[PDB]
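Chain residues, written in single-letter form:
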Amino acid sequence: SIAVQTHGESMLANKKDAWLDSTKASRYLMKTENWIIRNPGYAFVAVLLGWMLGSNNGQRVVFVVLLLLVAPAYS
Amino acid sequence: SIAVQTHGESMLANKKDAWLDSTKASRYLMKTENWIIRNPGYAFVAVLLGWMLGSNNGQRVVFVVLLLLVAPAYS
Amino acid sequence: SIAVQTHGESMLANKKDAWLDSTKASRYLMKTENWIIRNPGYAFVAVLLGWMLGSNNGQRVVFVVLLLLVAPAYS
Amino acid sequence: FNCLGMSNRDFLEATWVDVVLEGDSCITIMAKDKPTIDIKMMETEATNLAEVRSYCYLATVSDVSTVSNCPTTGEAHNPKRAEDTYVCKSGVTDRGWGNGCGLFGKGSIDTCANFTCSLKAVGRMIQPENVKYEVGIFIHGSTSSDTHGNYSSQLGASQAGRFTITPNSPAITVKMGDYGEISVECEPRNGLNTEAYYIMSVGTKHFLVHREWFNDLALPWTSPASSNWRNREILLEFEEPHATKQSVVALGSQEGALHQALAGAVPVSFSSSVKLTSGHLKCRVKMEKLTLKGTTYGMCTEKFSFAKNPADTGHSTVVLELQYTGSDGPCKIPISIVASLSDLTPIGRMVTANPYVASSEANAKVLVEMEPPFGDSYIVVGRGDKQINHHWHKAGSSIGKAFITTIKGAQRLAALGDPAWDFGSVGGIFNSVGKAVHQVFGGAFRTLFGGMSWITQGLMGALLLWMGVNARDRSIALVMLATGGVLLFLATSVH
Amino acid sequence: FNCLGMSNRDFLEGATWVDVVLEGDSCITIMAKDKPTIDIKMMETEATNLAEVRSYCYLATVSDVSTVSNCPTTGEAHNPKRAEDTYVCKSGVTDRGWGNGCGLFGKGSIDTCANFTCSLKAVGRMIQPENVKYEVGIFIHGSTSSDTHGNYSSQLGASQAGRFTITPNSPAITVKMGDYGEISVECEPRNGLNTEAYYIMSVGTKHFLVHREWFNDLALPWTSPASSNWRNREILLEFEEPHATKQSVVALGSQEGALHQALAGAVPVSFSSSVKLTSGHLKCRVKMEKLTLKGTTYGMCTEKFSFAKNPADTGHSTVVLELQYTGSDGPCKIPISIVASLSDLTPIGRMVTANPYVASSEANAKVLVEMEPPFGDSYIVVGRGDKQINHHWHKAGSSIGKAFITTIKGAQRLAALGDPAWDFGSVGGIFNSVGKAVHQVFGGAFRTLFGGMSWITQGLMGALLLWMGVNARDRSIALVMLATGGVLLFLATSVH
Amino acid sequence: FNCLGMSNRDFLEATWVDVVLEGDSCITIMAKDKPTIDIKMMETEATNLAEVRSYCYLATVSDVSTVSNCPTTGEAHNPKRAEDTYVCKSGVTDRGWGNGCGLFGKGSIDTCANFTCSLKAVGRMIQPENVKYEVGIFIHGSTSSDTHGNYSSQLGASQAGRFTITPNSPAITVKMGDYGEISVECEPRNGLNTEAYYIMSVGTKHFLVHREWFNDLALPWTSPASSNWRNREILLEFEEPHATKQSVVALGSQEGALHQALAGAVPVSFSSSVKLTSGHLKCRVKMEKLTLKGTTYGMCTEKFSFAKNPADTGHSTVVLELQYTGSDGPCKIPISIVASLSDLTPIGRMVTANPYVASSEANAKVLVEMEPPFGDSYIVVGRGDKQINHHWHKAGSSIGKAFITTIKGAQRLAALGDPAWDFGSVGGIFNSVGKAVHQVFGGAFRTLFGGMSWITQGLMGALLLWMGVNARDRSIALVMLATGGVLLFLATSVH
Ligand SMILES: CCCCCCCCCCCCCCCCCC(=O)O[C@@H](COC(=O)CCCCCCCCCCCCCCC)COP(=O)(O)OCC[N+](C)(C)C
Ligand SMILES: CCCCCCCCCCCCCCCCCC(=O)O[C@@H](COC(=O)CCCCCCCCCCCCCCC)COP(=O)(O)OCC[N+](C)(C)C
Ligand SMILES: CCCCCCCCCCCCCCCCCC(=O)O[C@@H](COC(=O)CCCCCCCCCCCCCCC)COP(=O)(O)OCC[N+](C)(C)C
Ligand SMILES: CCCCCCCCCCCCCCCCCC(=O)N[C@@H](COP(=O)(O)OCC[N+](C)(C)C)[C@H](C)O
Ligand SMILES: CCCCCCCCCCCCCCCCCC(=O)N[C@@H](COP(=O)(O)OCC[N+](C)(C)C)[C@H](C)O
Ligand SMILES: CCCCCCCCCCCCCCCCCC(=O)N[C@@H](COP(=O)(O)OCC[N+](C)(C)C)[C@H](C)O
Ligand SMILES: *[C@@H]1O[C@H](CO)[C@@H](O)[C@H](O)[C@H]1NC(C)=O
Ligand SMILES: *[C@@H]1O[C@H](CO)[C@@H](O)[C@H](O)[C@H]1NC(C)=O
Ligand SMILES: *[C@@H]1O[C@H](CO)[C@@H](O)[C@H](O)[C@H]1NC(C)=O
Ligand SMILES: *[C@@H]1O[C@H](CO)[C@@H](O)[C@H](O)[C@H]1NC(C)=O
Ligand SMILES: *[C@@H]1O[C@H](CO)[C@@H](O)[C@H](O)[C@H]1NC(C)=O
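Residues numbered from 1 in each chain as written, not as in the entry; some residues may be left out. Chains lettered and ligands numbered in written order. Heavy atoms only, no water.

Caption draft 1: How the structure looks around the site of ligand 7. Residue and element names in this part refer to chain D. Around ligand 7 lies a shell formed by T85, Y86, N114, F115 and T116. Between ligand 7 and the protein, one listed contact pairs an oxygen atom with a backbone N or O atom of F115 at 2.8 Å. Here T116 contributes a side-chain N or O atom positioned 3.1 Å from an oxygen atom of ligand 7. Look at ligand 7: alone it shows 350 Å² of surface, and the protein chains cover 42% of it. (Near = heavy atom within 4 Å. Polar contact = N/O pair within 3.5 Å; in protein donor to acceptor, adjacent residues only side chain to side chain. Areas by Shrake-Rupley, 256 points an atom, 1.4 Å probe, with all protein chains shown as cover.)

Caption draft 2: Up close: the packing of helix α5 (residues 398-416) of chain D against helix α8 (residues 476-493) of chain D. Residue and element names in this part refer to chain D. Relative to each other, α5 and α8 sit at 90 degrees, their axes nearing to 11 Å. Taken together, the axes of α5 and α8 are roughly perpendicular relative to one another. Contacts from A410, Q411 and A414 of α5 reach α8 at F489, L490 and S493. The residue inventory of the contact of α5 with α8, partitioned by class, reads four nonpolar, two polar and no charged. (Axes fitted to C-alpha atoms, helices over the stretch in contact; angles between N-to-C directions. Helix = DSSP H or I, 4+ residues; strand = E, 2+ residues; numbered from the N terminus. Parallel < 35°, antiparallel > 145°, perpendicular 65-115°, else oblique. Contact = heavy atoms within 4.5 Å. Nonpolar A, V, L, I, M, F, W, Y, C, P; charged D, E, K, R; others polar.)

Caption draft 3: Local environment of the site of ligand 5. Residue and element names in this part refer to chain E. Every residue near ligand 5 is listed here: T406, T407, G410, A411, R413, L414, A421, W422, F424 and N432. Backbone polar atom of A411 to an oxygen atom of ligand 5: 3.5 Å apart, as the coordinates give it. For ligand 5, an oxygen atom lies 3.2 Å from a polar atom in the side chain of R413. In isolation ligand 5 has 900 Å² of accessible area, and contact with the protein removes 36% of it. Sorting elements by how many residues they give to the shell around ligand 5 places helix α4 (residues 399-417) first, with six residues. A class-by-class count of the residues in the shell around ligand 5 yields five nonpolar, four polar and one charged.

Caption draft 4: The packing of aromatic side chains, seen in detail. What the rule picks out here adds up to 35 aromatic pairs over all chains. Connected via pairs of aromatic rings, a cluster forms that spans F1, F138 and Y151 of chain D. Geometry around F423 of chain F places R412 of chain F over its ring, the cationic atom sitting 4.0 Å from the centre. (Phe/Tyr/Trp six-rings, centres within 6.5 Å; stacked < 30°, edge-to-face > 60°. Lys NZ or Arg CZ within 6 Å of the ring centre and 35° of its normal.)

Caption draft 5: Looking closely at the interface of chain E and chain D. Every contact between the two is made by 31 residues of chain E and, on the other side, 33 residues of chain D. With both chains or domains summed, chain E and chain D bury close to 2,300 Å², and 63% of this area falls on carbon and sulfur atoms. For the chain E face of the interface with chain D, the top three residues by lost area are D95, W98 and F105 of chain E, together amounting to 29%. Here chain E is connected to chain D by zero salt bridges. Applying the counting criterion to the chain E and chain D interface returns seven residue pairs in polar contact. Within the residue set of the side of chain E that touches chain D, elements represented by two or more residues are β16 (249-251), α3 (256-262), β20 (305-313) and β21 (319-325) of chain E. With five residues, α3 of chain E is the largest single contributor of residues to the side of chain E that touches chain D. Taken together, the residues that form the side of chain E that touches chain D break down as twelve nonpolar, twelve polar and seven charged. (Buried area = accessible area lost by both parts, 1.4 Å probe. Salt bridge = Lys/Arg side-chain N within 4 Å of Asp/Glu carboxyl O.)

As structure tokens, then:
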């Protein structure tokens, strides 16, 4: 749908507020946060898969963050 | 918005089409494909970074897919 | 207002006595005195754990003092 | 009440049987020494719905005012902030000697706009006591093609019954004439999980929606029988402050946005009661008192003709309509499926158990359904010089048949979950223990992957297959491969 | 035209010309040695003759729905309304049998056609570069009171201000400034508003400057400027459950709110009859070789002054005040200065109202004086002897903190204006042009690799880049990753 | 405007001196060839106060109502929840067939009560341009005991002056008759940090409060010129729910709890304007136009007597009052301090420089005060038959005086911070470098330990001393020891 086609940050200089700048943080996060609060059990499996995939803790953390981001986005 | 808060597949057993089933495949994919084809240069970033922070071809492909999916979402 | 939010010492240069300076030495320690008085068993157990947590003797003393101070302040 | 011409049809073969009636499906039961039964759920109905919450999706703005204070006068206060229908927001503007202030910097403004809802979507809830299931039962007696789907005629012949299953009437027994009686006892409280759904009404469209989705809807909302709106600021936009008048606009109608968000919800009909065609109902069909006629009529000896030529129904059965020119009376119809005309031994199974002409009027029409075997066979009607032979080919094989039923059973497990083990069940121990394993494992599965869509299910399953292929412990590998296969099956089966 | 009381202003120190970048709602104050102080700002920009490029339908209706049905194994149905342009037609399949009216059983094809009509459409128009029209205000500080400093009519009657039009046809003009001389500007309106990355989208009474790529990718039924035939109409239609004779088609609800949600980030503009907005940038060159001081031979005022309006802080490390003159001497210079202490009266700081003076000869004349004191304590002294009046003033910050603030302001100016940022307050030189060019190449390499990203994605990318660079090798890839991560995090935080 | 009779007093020696006019102190300057000067700050005054916030400490509950719904109907909504002056809370309560419900369980109630503020504490802001400091200057001319302290008589002798210092008049020159002119330039914007304080008025009591503390009260509060109270339910208690009526009570008056929270704030008087006597004001006293009086008259020839016997002040000075019996107009008093009666060399400097009789009538009283050296000395007036001697003993020593001066400078550094380096400054470089290195290590110190109290400061100082003595690196050990010593000194100096 068109609602997912957010215009985004404008290209002008614009020392002012854009159309819906009050939602500049509400956007991009609200779907993810509601999905995570209403799917707490996915966090456990994402964390453990991130642990198992990553050779090192630096890779494990990145895997965990990426798994926690992708599933709420495409669900 | 609210169209970002899309109702999922119903839990009812339904041998019938849901409310908007013509778009069932395209709802979760239009943003990703549009963003990818409008930003071809991000693909090289994704492949290069995923090839770097990985340790073998097994998790490099997972890193590339995860990065190529996380960025079209959240714009 | 909430009486635990005492204004405290002003940074204004003042040689008089501020509001209620008859209680500077009592408004920070009155709650703690009654409480150690009414709960000697906590004093005993605080001494025990302070001794047990301290590899060194000064560490033991510091732990005992902190344990004796924290609990009365938080009821 | 019967299923000839339905695409979703099931066939079932100690004296009762447990069935799950799905919304757009039918079940055909052929027991050992019983007439054939057709059972289906036509419709679910809920009569007394109670409003829970209304969401405004179109609102207007009618009176915008602004009040200002100089950078050292404190927060601005607008009088309309003491009125219910006004939404107020505090902003910051540039103030200085040009405007009239005594100082420079950020002065404080307060803007209030009158809020009025034009169009709202109303949510309602269903009590389980008010759910009615419409269930149709049919006995394959003597019917014609036009009579076969006419309930009035089938009721007048004591071959069919339509009844209502409610929590206060979970069991019925319908009279089937000389076939006896057939009973059902159902579990209405387990059918429609009313505690998981709301009925949304947007304009003239009505949907069955999840309660968790409905509660998270980001719109201004009000309680039943109240005009006090909450979260109104979602529908309003305050543009740039001006320090004397800051404009406030209302966003456009969110009806299309709501319709896009409602994707996946189940459309329903709600004029006075919610009508619904999906869902499921677990019942037990009791055929202890159901019997065959107990008398045979004697062969029809006159000439037969095909009123409707044999036609494939699509479910491995062939149906035809005979016309009888005789006028002698009720007689048994000579009709069978044979392997060849040299050996007239019947080989198939008869859906119409004992076809017969029910009336004594000439030119009677009788519908007969049969299950021929795979390959070539012959429909034989009559004997001697009046015999009509019709060659029938049935494509497929028993191996492909078993494969297709395995796929269909897997899809039934996916769609129904736990009552899938109650489908065609006769109370075996294996069914019970498998049902319990399904309880625990599916509960865990819904705990871990419950909220996922099909694309994320497919990606997660692909990851799980990759991890199980390269695993090490060979036991965690087994379970990860299993859950990956399940996730791939769920991802693929939705298309 | 004037920037006093404006929350964001830039100070430029003057060498006969200086090139500035006028931003949307901002002003520049230029002080030059032995020159009147000037301030210049872009008041607005305009576009006059726009042409429609594309209409999108966001509210549509269905008029009459027909279904043509075929029996099983008879092939596709082909509703005959597929030959009419206004009808949207979809092919489905439904259960058929003896009960329906077929001689066979199975899936029979149907074709449903519904008459499409657009009720409400959003119109996107383009701007031709020759029709852009910038409004520029210039003001010589001169002698003003507090009540006429912002009044354009008074400042025009005093030949101390002028608002004028910059057009690609006439990119350079000169304003007469009375006894101050002439002030010239040569601008680049063509290099201002891009005009090729933007459309003006009108939805109802709301108008937005939007990116062309976003507008062209919008997932709504669309048409051509004068066309009445629509494409991708199935976006706004829902074909309900197939039925052997009557499949129902429902128009979706109005998408106006969904469009407003999608417009999040576009720049609101006013389009009563021409597009107007106050949000762009314009590179100009201010030439002031013909700008001269006025009243060089007035002589100092002799009577006593009084603070008519007490010294107030403007928020830009500057102080404004208003004096009243008891004397009727005539046009005379005001003896006002900033001193470190009331002993050792040597002047410090810098007047922003250069050479403040009393304009007229009548008494009780009020003069606005605005100056920049140094950090710490200072005294505003006007008069000498027994008529001297003093004001104690304190400036809170420090030189190093101001340097850091200027550094972050320049960084965010680079983030906003990109390459024109080097054109800001420059006088040429091998440094600025080389720096500008390397900024151009790095900006291209950065926009082709990380463009089209929101603040969250670029913040997470910066976090990843910092992590990898800290853990990297070769000390050369690591520097690149550190730089990119730092820039990405700065950009992510710059929108908050 | 005099230093006499004040327990706080300091003594100072090109021709300008930097002083800090502390709130309840007095400064005596004794330059080389100038009359003795007494300078002191008398009262600070803020004129036009602007309200910033009002806190409620006494609330009223007027009209309480409750609305209840059945255990599954949905959240209740009181019709009063829209109205502005009503505080409304949602509770949950047991419901069943005995309560009128068709179901059982936890139903929802909504309770609304009318909030009203009865008593309010008002915070106000001071603009630095409205602060004015009253400063008193006095010259030790010829005074009596009663007139030394009467401004109406010292001004009439051109020996004193009260002047107001504002940001718009930061420098004042006052004529002193025959002594010339004494001028002062001050820094009124640095005296009272109005950016860090509010004036809180509760009842008839007024306080100078920290802005952070004032903004952090947990009470219902409004904006200025508004009755839109918020956080109202701070003063409300909702009793146990009953589904038909839930009681709401107002918590008792918080005036006393507010007084207890105000501990450490500075009381002020705010009848019309805010008047204060604490604080400080940094000034520069210019004495170049200050000259010793041109005195043509000779010494007094007649007999003197001690009208008031010599008295010891608190600051190593002696004050006495002489009675002059002669009537030969104004004349100089032959009074001095000697080590012994054989060596009449004047050894002790006199604070009342060049004392003299001012009147011409007989029996004139003259106040003379002076600084004798440590140990025994004699105040001698006259010679020969008219000579009168008085034995004075001044207890103490130079070492003890130096140590007391050091500790008093320590308290000065504590009280003033950075302006303490400008006290008794004639410019210099050590003063400026010390002030610069005190601006740092004085902001960092108040960043790490700014908000502590005396008991926390003492505990932290003891811990830091222990860590420093137990440390290994001498640099970190020394810095820990220094910060611990400072913290203990500050913990101790409050008593
Ligand atoms: C050597 C390699 C082995 C390879 C393993 C192969 C794995 C086979 C499985 C994949 C093939 C496809 C299977 C799909 C069947 C359909 C399942 C289905 O219908 O989905 C369930 C999904 O539920 C499950 O079946 C849960 C998954 C369980 C997976 C079992 C893993 C067990 C591994 C154990 C290994 C360790 C053994 C320990 C001893 C060594 C939906 O129902 P519920 O979740 O119960 O309820 C909700 C349904 N509804 C909304 C429609 C009402
Ligand atoms: C130990 C040291 C490490 C410290 C790292 C910390 C991080 C520091 C980060 C510093 C950045 C501060 C922010 C500066 C402002 C830039 C913001 C910006 O706009 O982004 C630039 C960022 O510029 C870049 O491209 C920077 C790339 C960084 C990577 C380059 C590293 C250098 C490698 C050279 C190696 C040479 C070989 C080795 C020889 C020694 C590109 O965008 P623009 O095109 O300017 O966007 C303007 C808007 N508009 C397009 C609409 C006009
Ligand atoms: C072998 C040597 C042993 C060393 C022993 C040292 C022991 C000294 C203990 C101190 C006792 C006397 C303390 C008197 C000083 C009081 C000054 C003071 O309190 O000033 C501050 C507190 O003090 C400070 O802020 C400074 C403390 C810093 C201490 C650490 C110094 C580090 C020293 C480094 C040593 C380098 C070693 C080099 C050798 C290798 C008070 O508040 P301010 O912020 O100044 O002003 C607030 C008041 N007003 C509202 C009016 C503005
Ligand atoms: C070592 C080499 C690799 C080895 C690979 C081994 C292959 C593993 C995969 C095999 C999966 C087979 C299908 C299992 C899914 C269940 C389908 C099913 O149960 N199907 C049933 C028909 O279901 P119904 O709903 O009609 O009723 C039956 C009701 N009840 C089955 C629920 C009790 C029958 C058996 O078909
Ligand atoms: C051995 C050699 C190697 C070592 C040398 C290392 C130093 C070179 C690296 C420099 C990296 C700096 C990046 C930070 C960006 C901030 C720039 C900034 O803030 N810009 C300016 C502010 O100026 P304006 O915004 O007013 O506009 C002036 C226009 N202008 C952008 C051309 C200056 C500040 C004063 O700088
Ligand atoms: C191997 C060789 C070395 C061996 C010997 C080492 C021992 C060194 C001993 C250290 C001696 C320190 C001197 C003691 C007195 C110094 C000053 C003093 O005490 N005066 C006080 C008077 O404060 P005021 O209120 O007058 O402040 C007015 C202005 N003012 C703040 C600038 C002072 C303050 C505390 O400074
Ligand atoms: C404000 O809105 C209400 C409905 O929300 C309406 O009844 C009223 O007339 C409007 N105008 C006012 C209160 O002036
Ligand atoms: C059933 O048959 C009767 C007999 O004529 C007829 O009136 C009725 O309409 C039939 N049922 C339907 C649904 O047409
Ligand atoms: C079909 O729609 C078009 C476009 O709105 C309209 O002009 C035409 O009259 C409609 N025709 C019918 C039969 O509805
Ligand atoms: C509620 O309280 C307000 C004051 O806060 C008062 O004006 C109003 O009359 C009260 N309403 C009642 C008592 O019904
Ligand atoms: C000062 O002396 C005058 C002279 O009589 C007297 O009237 C006045 O009351 C005195 N002031 C004080 C404060 O004693």
